[PDB]
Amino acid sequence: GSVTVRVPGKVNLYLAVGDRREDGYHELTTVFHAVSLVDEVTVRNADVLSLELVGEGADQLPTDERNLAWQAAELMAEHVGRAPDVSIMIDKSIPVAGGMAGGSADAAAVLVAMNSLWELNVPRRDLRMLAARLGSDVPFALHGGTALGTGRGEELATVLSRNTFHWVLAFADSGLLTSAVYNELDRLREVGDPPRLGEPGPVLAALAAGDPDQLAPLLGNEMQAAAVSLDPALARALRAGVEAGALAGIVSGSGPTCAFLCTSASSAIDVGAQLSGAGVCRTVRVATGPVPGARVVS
């Protein structure tokens, strides 16, 4: 028998980055938002641990220990004292090297799929502890929906929305090195005052009300000035999406991926068509959010 689990990629609707300290850590507060670009991960009992990926960028990815999904299987098996005697087949649609944390998504899917394949139901709290050891975006991939996160090792606070939101997401081909982005954020903070965000209250309120008009100008990312300084083309890409009809655009996380909020599914399609036509991006996709975290779909 087989289990398959669907797990979404994410965007950051809000990201505050604390001042650097030692050894060079920045505390983060973030509103993670899972969207309907998803991987499907299928796990079977097998003689030995194995991993295969298929889908658009599947060719780029390690299929051994370097793959987070491979570590997830190891950790999950070890937690219940078992050998990771499973084979894992990942059907990938979350854009690879996209900033949407697809590898973290797959890791969380493997935890859930093994839980179910082995008929164990280790408790959610144990799966979240394993997520935390795996890496900083695995917990949100298990959690999904929308959640406010407040540092690592801290829980995620669930945030419910009255309505679905409609997104156009735009991808460069090269990303940006997250270390480059932090260094430049530190620099911009030594030499000036780049955008500083208020606290996430207003963002959460707009989110709870299901109201894209209220949410749009509250979207924000303290990493965005650094990313646009390293990658001046992002600024034009952001203007272009809004010119095409989006309510707002921001860079998601460390960038360079750009998230544009639209009023509706129709409008997102129009915006996407125009941005795709304007060649400011390598790839343009539409998506909705929030969607659920890792869950069995077989």
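Heads up: residue numbers just count along the shown sequence, starting at 1.
As the entry records it, the average C-alpha temperature factor is higher for 273-281, out of 9-17 and 273-281.
Of the two segments, 151-159 and 119-127, the one listed with the higher mean B-factor is 151-159 (C-alpha atoms only). In this structure the maximum Cα B-factor among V31, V41, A58, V35 is found at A58. Comparing the C-alpha B-factors of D173, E222, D137, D106 in the entry, the top value falls on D173. Sort the modelled residues of the chain by CA B factor and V3 lands in the middle third. Among the modelled residues of the chain, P194 sits in the highest third by CA temperature factor in this PDB entry. When the modelled residues of the chain are ordered by C-alpha B-factor, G81 sits in the lowest third.
The deposited CA B-factor of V110 belongs to the lowest third of values across its chain. Placement of the Cα temperature factor of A268 within the chain: lowest third of the modelled residues, per the deposited record.
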